[PDB]
Amino acid sequence: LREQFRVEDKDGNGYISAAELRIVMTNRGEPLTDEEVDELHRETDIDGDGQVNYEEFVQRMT
Ligand SMILES: O=[N+]([O-])c1ccc2[nH]nnc2c1
Ligand SMILES: [Ca+2]
Ligand SMILES: [Ca+2]
């Protein structure tokens, strides 16, 4: 979990941004449009501040 978050959090700022997530999903060839990835990100972003923090990332993966 921590390692996976670190991989996605490309700039190391303790958040996964929507742009970082689009890079993640493209890098592994997921069959999702950028817009669908944006919706995944927004639903994972419980507090709505535009960033997926580690707590949110854990709730998603669980
Ligand atoms: O931040 N996310 O919304 C999110 C959702 C699904 C994922 N799968 N792998 N990393 C993921 C990140
Ligand atoms: Ca980041
Ligand atoms: Ca958030």
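Sequence positions, counted from 1, serve as the residue numbers for this chain.
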Below 4.5 Å, heavy atoms only, C-beta onward: do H41 and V52 meet side chain to side chain? yes

Are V24 and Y15 co-members of a hydrophobic cluster defined by side-chain heavy atoms under 4.5 Å apart? no

I'd like to check the side-chain contact (heavy atoms from CB on, under 4.5 Å) partners of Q4; sequence neighbours left out, ordered by chain and number. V7, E8, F57, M61

Check whether any side-chain N or O of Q59 sits under 3.5 Å from a backbone N or O of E56 as a donor-acceptor pair, and report yes or no. no

Nearest 0.5 angstrom please: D47 CG to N53 CG, how far? 6.0 Å

At their closest point, which heavy atom of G14 faces which heavy atom of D9, and how far apart are they? N-OD2, 2.8 Å

When you compare the side chain of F5 with that of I16, does any pair of heavy atoms fall below 4.5 Å? yes

Looking at side-chain heavy atoms only, is the closest gap between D49 and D45 below 4.5 Å? yes

Hey, mind stepping through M25 and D34 against side chain to side chain contact (heavy atoms under 4.5 Å, CB included) and telling me if it holds? CA-CA 9 Å; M25 294 312 172; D34 280 357; over 6 Å; no

Is it the case that one hydrophobic cluster holds both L32 and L21, taking links as side-chain heavy atoms less than 4.5 Å apart, direct or via other members? yes

The reported gap from CZ in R28 to CD1 in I23 (rounded to nearest 0.5 angstrom) is 13.5 Å

Can you list the residues that meet the side-chain contact (heavy atoms from CB on, under 4.5 Å) rule with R60, with sequence neighbours excluded? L40, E43, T44

Has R2 got more than 12 heavy atoms of other residues, nucleotides or ligands less than 6.0 Å from its CZ? no

What's the shortest heavy-atom distance between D38 and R22, and which atoms? OD1-NH1, 2.7 Å

